[PDB]
Amino acid sequence: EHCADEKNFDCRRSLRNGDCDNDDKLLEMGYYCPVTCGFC
């Protein structure tokens, strides 16, 4: 799976909010903005 942050999903805002620090949103972030979350 070559990961790529989504274009329509705002990865910066979500990172700034803390969406990616939320466990239940981890899944959401794993596909939406995985590169922004440093997964890959």
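Terminal number for the sequence shown in the working numbering: 41, no gaps in between. Beta carbons: idealized from backbone N, C-alpha and C, even for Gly.
- Under the DSSP assignment, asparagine 18 falls in the alpha helix (DSSP H) whose first and last residues are 12 to 18.
- Using a 10 angstroms sphere on the CB of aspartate 20, the tally of other CB atoms reaches 16 or more, which defines it as buried.
- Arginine 14 and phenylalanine 40 have their C-alpha atoms some 17 Å from each other.
- Around the beta carbon of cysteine 12, 16 or more other beta carbons sit within 10 angstroms, so the residue counts as buried.
- In this structure, DSSP gives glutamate 29 a helical state, which the three-state scheme calls helix.
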